[PDB]
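One file, start_10.txt, is given below (compact mmCIF, C-alpha atoms (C1' of nucleotides)).
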```txt
# COMPACT_ATOMS: atom_id res chain seq x y z
CA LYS A 1 16.65 12.39 44.95
CA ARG A 2 19.53 13.58 42.76
CA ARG A 3 20.38 9.92 42.24
CA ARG A 4 18.05 8.04 39.94
CA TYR A 5 18.03 4.47 38.77
CA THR A 6 17.03 2.77 35.57
CA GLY A 7 16.25 -0.84 34.80
CA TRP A 8 14.20 -3.66 36.25
CA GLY A 9 15.11 -7.19 37.25
CA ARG A 10 13.56 -10.38 35.95
CA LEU A 11 11.82 -11.88 39.03
CA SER A 12 9.14 -10.65 41.44
CA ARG A 13 9.34 -9.90 45.18
CA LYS A 14 6.73 -12.50 46.08
CA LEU A 15 8.95 -15.14 44.46
CA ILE A 16 12.09 -14.22 46.43
CA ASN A 17 10.66 -13.35 49.88
CA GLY A 18 6.90 -13.85 49.74
CA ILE A 19 6.38 -17.45 48.68
CA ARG A 20 7.41 -19.71 51.54
CA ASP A 21 7.99 -23.44 51.42
CA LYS A 22 5.61 -25.87 53.09
CA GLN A 23 8.22 -28.30 54.43
CA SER A 24 10.82 -25.66 55.34
CA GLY A 25 9.04 -22.42 56.21
CA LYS A 26 11.89 -20.34 54.77
CA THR A 27 11.97 -18.54 51.45
CA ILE A 28 14.10 -18.92 48.29
CA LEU A 29 16.52 -16.23 49.54
CA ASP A 30 17.01 -18.21 52.75
CA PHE A 31 17.62 -21.49 50.87
CA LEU A 32 20.25 -19.78 48.71
CA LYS A 33 21.68 -18.10 51.82
CA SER A 34 21.61 -21.36 53.80
CA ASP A 35 20.63 -24.93 52.96
CA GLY A 36 23.11 -26.87 55.13
CA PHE A 37 24.87 -29.88 53.64
CA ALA A 38 23.63 -29.55 50.05
CA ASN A 39 23.59 -25.88 48.99
CA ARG A 40 21.40 -26.61 45.97
CA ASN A 41 21.25 -24.17 43.06
CA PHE A 42 18.16 -22.35 41.72
CA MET A 43 17.38 -25.10 39.21
CA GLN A 44 17.67 -27.72 41.93
CA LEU A 45 15.43 -25.67 44.24
CA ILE A 46 12.67 -25.22 41.65
CA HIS A 47 12.92 -28.73 40.19
CA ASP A 48 12.52 -30.53 43.48
CA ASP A 49 9.43 -32.57 44.27
CA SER A 50 10.65 -32.66 47.89
CA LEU A 51 9.86 -28.96 48.19
CA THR A 52 6.58 -27.26 47.29
CA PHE A 53 7.97 -24.74 44.78
CA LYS A 54 7.42 -26.93 41.68
CA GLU A 55 3.80 -27.47 42.75
CA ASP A 56 3.08 -23.77 43.37
CA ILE A 57 4.72 -22.42 40.22
CA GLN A 58 2.57 -24.78 38.10
CA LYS A 59 -0.55 -22.77 39.13
CA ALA A 60 0.90 -19.97 36.80
CA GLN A 61 -1.56 -19.25 33.98
CA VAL A 62 -3.26 -21.26 31.22
CA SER A 63 -1.51 -21.86 27.89
CA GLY A 64 -4.69 -23.34 26.41
CA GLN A 65 -6.66 -20.12 26.91
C1' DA B 1 -74.03 -4.46 -71.77
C1' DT B 2 -65.26 -2.82 -70.03
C1' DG B 3 -61.35 -1.15 -69.32
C1' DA B 4 -56.37 -3.55 -65.29
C1' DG B 5 -52.62 -6.38 -65.71
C1' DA B 6 -45.97 -5.83 -67.26
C1' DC B 7 -41.76 -0.17 -62.45
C1' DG B 8 -33.62 2.66 -61.92
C1' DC B 9 -25.60 1.97 -62.43
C1' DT B 10 -23.64 -0.16 -59.18
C1' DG B 11 -19.50 -1.44 -58.08
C1' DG B 12 -15.29 0.01 -58.04
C1' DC B 13 -12.52 3.26 -57.59
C1' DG B 14 -10.58 7.69 -55.15
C1' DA B 15 -10.89 10.49 -51.75
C1' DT B 16 -12.45 12.21 -48.25
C1' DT B 17 -13.57 12.14 -43.31
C1' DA B 18 -12.64 9.91 -38.90
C1' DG B 19 -9.97 8.02 -35.22
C1' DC B 20 -6.76 4.90 -32.11
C1' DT B 21 -3.68 1.62 -29.18
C1' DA B 22 0.62 0.02 -28.76
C1' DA B 23 5.86 -0.92 -28.30
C1' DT B 24 10.45 1.33 -26.24
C1' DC B 25 12.67 3.43 -23.27
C1' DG B 26 13.91 6.53 -19.73
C1' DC B 27 13.21 8.68 -15.05
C1' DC B 28 12.71 8.60 -11.02
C1' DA B 29 10.97 7.99 -6.94
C1' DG B 30 10.18 12.98 0.68
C1' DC B 31 13.76 13.21 3.89
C1' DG B 32 16.68 15.67 7.89
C1' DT B 33 17.65 15.45 12.90
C1' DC B 34 17.41 15.15 18.21
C1' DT B 35 15.54 14.14 23.00
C1' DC B 36 13.39 10.92 26.38
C1' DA B 37 12.38 6.54 28.37
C1' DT B 38 11.07 1.47 27.44
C1' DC B 39 11.87 -3.47 27.01
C1' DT B 40 13.99 -7.57 24.78
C1' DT B 41 17.87 -10.58 22.41
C1' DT B 42 22.69 -12.10 21.12
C1' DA B 43 28.89 -13.31 21.71
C1' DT B 44 31.81 -14.95 25.93
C1' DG B 45 32.30 -16.36 30.87
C1' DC B 46 29.13 -21.18 36.10
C1' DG B 47 25.88 -25.88 37.87
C1' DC B 48 23.74 -33.29 37.02
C1' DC B 49 19.07 -34.93 37.95
```
Conversion result in structure tokens:
Amino acid sequence: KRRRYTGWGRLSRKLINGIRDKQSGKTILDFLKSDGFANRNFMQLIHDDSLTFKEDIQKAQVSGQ
DNA sequence: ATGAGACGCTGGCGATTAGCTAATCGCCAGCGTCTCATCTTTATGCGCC
């Protein structure tokens, strides 16, 4: 309790270990921790039609509100 | 069977009498702090469809 922290990150918890992938069944943290032959980076994970992430982030909000 | 109709110094002074914006420039402008947290964003540094 004597120790106190300040600051906040940039990403949610549901994004790291909440949202799972349809084809895999593992989260983003797992893909970064292990992806086998091609240890693809964050931008390759998100911008991949082979995974579901690009599809599920697009449900975001509405810019034309 | 008679008794109306026909009307001035003013203009050019002084001298009261009364009254008003405008052009020029200068001055001089509330300000002092701290705490606390909060978020951003930037400089540099690392990845190929």
List as CSV every residue of chain B that is in contact with range 26-43 of chain A, defined as an atom at most 12 Å from one of its atoms (using only C-alpha atoms (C1' of nucleotides)), together with the nearest atom pair and the distance in Å rounded to one decimal, sorted by chain and then rising number.
```
residue,atom,partner,partner_atom,distance
B:46,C1',A:41,CA,10.9
B:47,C1',A:41,CA,7.2
B:48,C1',A:43,CA,10.6
B:49,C1',A:43,CA,10.1
```
Report, in Å with one decimal, the straight-line distance from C1' of residue 39 in chain B to CA of residue 8 in chain A.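 That distance, rounded to one decimal, is 9.5 Å.
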If we count all atoms listed in the file and set the cut-off at 12 Å, which residues sit around residue 21 in chain A, ignoring sequence neighbours fewer than 5 positions away in its own chain? Please answer as a ChimeraX atom specification. /A:15-16,26-31,45-46,48-57
Which residue is closest to chain B? Choose from A:10, A:25, A:58, A:64 and count all atoms listed in the file. A:10
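Between chain A and the candidates B:21, B:44, B:26, B:37, the tightest atom-to-atom separation, counting all atoms listed in the file, involves B:37.
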Using only C-alpha atoms (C1' of nucleotides), pick whichever of A:1, A:13, A:65, A:6 has the shortest atom-to-atom distance to chain B.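 Closest to chain B, using only C-alpha atoms (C1' of nucleotides): A:6.
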If you measure from CA of residue 59 in chain A to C1' of residue 41 in chain B, what distance in Å do you get, rounded to one decimal? 27.7 Å
Mind pulling up the distance from CA of residue 23 in chain A to CA of residue 11 in chain A?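 CA of residue 11 in chain A sits 22.8 Å away from CA of residue 23 in chain A.
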Select, from B:40, B:17, B:2, B:27, the residue with the minimum atom-to-atom distance to chain A, counting all atoms listed in the file. B:40
For a quick check of understanding, using all atoms listed in the file, which of A:18, A:24, A:7, A:61 has the smallest distance to chain B?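 With all atoms listed in the file as the atom set, the closest residue is A:7.
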